[PDB]
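There are 2 protein chains.
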Amino acid sequence: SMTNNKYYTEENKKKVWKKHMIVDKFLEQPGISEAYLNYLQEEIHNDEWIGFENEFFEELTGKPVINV
Amino acid sequence: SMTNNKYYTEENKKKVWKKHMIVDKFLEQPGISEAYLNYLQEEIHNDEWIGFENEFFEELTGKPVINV
Ligand SMILES: [Ca+2]
Numbered sequence: 000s001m002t003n004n005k006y007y008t009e010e011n012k013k014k015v016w017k018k019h020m021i022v023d024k025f026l027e028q029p030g031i032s033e034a035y036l037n038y039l040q041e042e043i044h045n046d047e048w049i050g051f052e053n054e055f056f057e058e059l060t061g062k063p064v065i066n067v
Numbered sequence: 000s001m002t003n004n005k006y007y008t009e010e011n012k013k014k015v016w017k018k019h020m021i022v023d024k025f026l027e028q029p030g031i032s033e034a035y036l037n038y039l040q041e042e043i044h045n046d047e048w049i050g051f052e053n054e055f056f057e058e059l060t061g062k063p064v065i066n067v
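The listed protein sequences derive, respectively, from chains A and C. Using PDB author numbering, the letters of the first sequence map in sequence onto residues 0 to 67. Using PDB author numbering, the letters of the second sequence map in sequence onto residues 0 to 67.
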């Protein structure tokens, strides 16, 4: 969670990996998953997300979070 | 699956990085942020989260997701 390639350190990569594992469980909780869907349905049209087309597509259509 | 270092590839690191930015804005929405901190309060005790205590602490006390 930062747009700076300078902060894109493998230590921060691991930090972010683990925090995403934590929040992923929260997103699957009933109610929350629907409000998250509503958020994405709104956010996918927000042109501030330059270059995130593919990640918005994967989250909205329920594609896996990572590539196995 | 995110626990297996076999998939800790660089493509997956970047994918997680960008998806975590998307999810971070949702967690700042009013209502959701409270529900998330409640979730964290409950879940910190579960043994699934052994060795995630630093991340739970950072998320619980409003630390930046990455160091910076
Ligand atoms: Ca809806």
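Built from N, CA and C at the ideal position, the CB exists for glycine as well.
Among the residues facing chain C, A:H19 is included, as its CB has a counterpart in that chain under 8 Å away. Straight across, the Cα-Cα distance linking A:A34 with C:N4 is about 31 Å. Here the region 40-50 of chain A makes no contact with the region 48-59 of chain C; the two share fewer than three CB pairs at distances below 8 Å. For chain C, the residues of the region 11-38 of chain A that bring a beta carbon within less than 9 Å of one of its beta carbons are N11, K12, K13, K14, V15, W16, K17, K18, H19, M20, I21, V22, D23, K24, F25, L26, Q28, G30, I31, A34, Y35, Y38, in chain order. C:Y38 and C:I21 have their C-alpha atoms spaced approximately 19 Å apart.
Take C:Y6, set aside five residues on each side of it, and the residues of its chain with a beta-carbon closer than 8 Å to its own are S0, in chain order.
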